[PDB]
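One chain comes next, on its own, written as structure tokens: the form deposited in one PDB entry.
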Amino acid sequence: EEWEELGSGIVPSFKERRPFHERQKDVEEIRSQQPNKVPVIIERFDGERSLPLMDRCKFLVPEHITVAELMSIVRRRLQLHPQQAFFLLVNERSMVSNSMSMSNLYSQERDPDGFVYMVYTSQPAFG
């Protein structure tokens, strides 16, 4: 009569893995060390079946980098067919390949814990 664990195979996300205060401390220290860099969490969308997983979810992006530029990097890193559909969301909102800096994105979209959370999908918003 011993407790058997279930669901070892279901990977938790970053927020599920680490507590708020422990996440908040990571951003505090990193911002002090490298203040010209933006903390980002980039994970796969839950339902997603086409696009692959990456080994890392914690990332540092220089302030000057563009949203368009970040999408190309994330797209390149996953090694996809060029026709394959790729979208990158912040707070469940799709992003256009636009000219805005990571520092402007960070100001506008940061989570209370200090990270910006992004998720990548094959599913388009509309259509």
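Quick note: we count residues from 1 along the sequence shown, nothing fancier. Under this definition, the rigid core comprises the largest set of C-alpha atoms superposing within 1.5 Å between the forms.
Quick note: we don't show the form deposited with a partner chain bound, though the next part is all about it.
(request) Would you please decide whether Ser50 lies within 4.5 angstroms of the partner chain in the deposited bound form, comparing each non-hydrogen atom pair? (result) Close contact is absent here: in the deposited bound form, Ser50 is far from the partner chain, nothing within 4.5 Å, heavy atoms only.
(message) With a cut-off of 4.5 Å between heavy atoms, is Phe115 one of the residues that contacts the partner chain in the deposited bound form?
(response) Yes, contact at 4.5 Å.
(message) Since only the chain is shown here, I'm wondering whether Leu88 would be in contact with the partner chain in the deposited bound form (any heavy atom pair within 4.5 Å).
(response) Close contact is absent here: in the deposited bound form, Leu88 is far from the partner chain, nothing within 4.5 Å, heavy atoms only.
(message) Under a 4.5 Å heavy atom criterion, is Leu70 part of the interface with the partner chain in the deposited bound form?
(response) It does: once the partner chain is placed as it appears in the deposited bound form, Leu70 has a heavy atom within 4.5 Å of it.
(message) I need to confirm a contact call. Of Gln79, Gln34, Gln84, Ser97, which residue comes within 4.5 Å of the partner chain in the deposited bound form, counting heavy atoms only?
(response) Comparing distances to the partner chain in the deposited bound form, the residue within 4.5 Å is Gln34.
(message) Quick check on the comparison between this form and the one not shown: with the core aligned, only one of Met54, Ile73, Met95, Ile30 should show a Cα shift of at least 2 Å. Which one is it?
(response) Only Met95 moves by 2 Å or more at its C-alpha.
(message) I want to verify one pair: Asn98 and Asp46. Are their C-alpha atoms nearer or more distant in the deposited bound form compared with the form I supplied, knowing the change is 3 Å or more?
(response) It is closer: in the deposited bound form, the C-alpha atoms of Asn98 and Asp46 lie at least 3 Å nearer than they do here.
(request) Work out the direction of the Cα-Cα change for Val96 and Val74 in the deposited bound form: closer or farther than in this form? It's 3 angstroms or more. (result) Farther, not closer.
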